[PDB]
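As structure tokens, the next two blocks hold two forms of the same chain, structure 1 and structure 2.
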Structure 1
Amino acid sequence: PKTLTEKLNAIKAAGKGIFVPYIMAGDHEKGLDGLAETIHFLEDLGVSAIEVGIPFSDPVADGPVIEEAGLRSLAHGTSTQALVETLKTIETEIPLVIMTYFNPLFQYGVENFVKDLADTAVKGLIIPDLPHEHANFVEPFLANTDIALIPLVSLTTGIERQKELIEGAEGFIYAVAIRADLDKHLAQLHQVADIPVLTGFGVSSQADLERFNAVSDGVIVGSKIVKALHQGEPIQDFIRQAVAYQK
């Protein structure tokens, strides 16, 4: 029973919709020094968790807004080692879900990555290019730790394939898609899911967040929030209404 699983199961039991913003580490004027400012900004808005990305030179599952933020972060010198050092000074009550492609993690060392984040707010881990068939590269290192390996499931795949990836999963489930045909796939997944399921689509308005709350357990927002913080646009009111949404 890990922290991220229980923290999100409480948001679902309280009638609220899970809201997980997706930021990119180092994407700031001050670089990684502004990460504490960014996480504490989103904490006052009451977000369920915070997805923090590690910039990679060859991303494969990122949109054009996120990839543009990763390159903006690489200029300041953001690295896995530099983020782990910054997270040791981050104090927050929001659970952090570190997103990274496997190679920056593979070079740093999976075990070193876990041991050096034990006393931090890192509670979940997303590795888009690490399939279930290579979980042995990471899962053995997450035993007896408070870090949950987030599984990603494609809604258009067979239900036996989905139940195979959800078996024993902790934290939450990330729903991805290659518009009304998805609702049947995502509701069937919520039926056989024991932990919350989250939708990581391109929600741009309040109607998109509500369209998936009838079938999932929450949404993940990245492009809209990353682009708003970069261009200096209003986002603070959009996050308030999303948290306070009642189901």
Structure 2
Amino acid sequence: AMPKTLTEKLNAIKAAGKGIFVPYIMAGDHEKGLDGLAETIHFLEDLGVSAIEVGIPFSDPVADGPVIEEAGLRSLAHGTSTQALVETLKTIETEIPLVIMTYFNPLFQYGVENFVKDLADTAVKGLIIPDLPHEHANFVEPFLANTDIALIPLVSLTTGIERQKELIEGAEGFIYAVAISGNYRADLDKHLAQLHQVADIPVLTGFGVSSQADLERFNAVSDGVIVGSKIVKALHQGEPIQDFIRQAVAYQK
């Protein structure tokens, strides 16, 4: 198509028998932060550089909190890789359905289609991708079409009900309710119950369950609970957690 101006400009320098010189700078690494970027660029322009590489600093998307953040670091230090996890999961036989929770990047690096196909014969029945926006569900949903893997949607309890209906339309597996300042104190119990009524599949409460009291409260207004930090921490530190789980599983009505 239309030739790109960067190719043209570099070809011209080469054609003139001059060496191409491209400095790299980190955007925002300046006394004035991003307000220093123009100054740096013009400084390099004045010296007649061919082009300038402008780096964007990398921030991770992990928002799970310290207990789980540390568990991830321990896991990586044991040499855990996505590929090795998939292979290990093929090994494991269980009647319990497994739900994979991952951020998008590891999935993307592995290959979404590959990941789904490689788990076809496993105990994996669900997939949660916390940083995948609803508008970009097409990155995963097509590959789950013929499979036994449900894409679980994360639904914010504080958003309007029409928005929640949109998120959960065509949802499979279950609905993961999340609740994240403001002079307005939201009644979480009310919102949870409202979501519960509206949904055609099970609604689980996925925040703030650390005690039997928490567990009973949320079971009154939903189908159940997801418990993360407490279990991860207990397993790591060797605290007994059997009693808590036994009691939780035995919740009736």
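One-based numbering along structure 1's sequence throughout. Superpose the two forms; the largest set of C-alphas matching within 1.5 Å is the rigid core. Shifts are known only where both forms have a C-alpha.
Of the listed residues 106, 37, 57, 187, the one positioned at a hinge between rigid parts between the two structures is 57; the rest lie more than 12 positions from any hinge. Note on conformational change between the two structures: the chain splits into two rigid parts whose relative rotation, smaller against larger from C-alpha fits, is 178 degrees. A C-alpha shift of 1.5 Å is found for residue 64 between the two structures, based on superposition of the rigid core. Look at residue 42: with the core superposed, its C-alpha moves 60.1 Å between the two structures. With the core fitted, the CA of residue 232 sits 0.8 Å away from its counterpart between the two structures.
In sequence order, 1-61 is the sole run of at least 3 consecutive residues whose Cα positions differ by 2 Å or more between the two structures once the rigid core is superposed.
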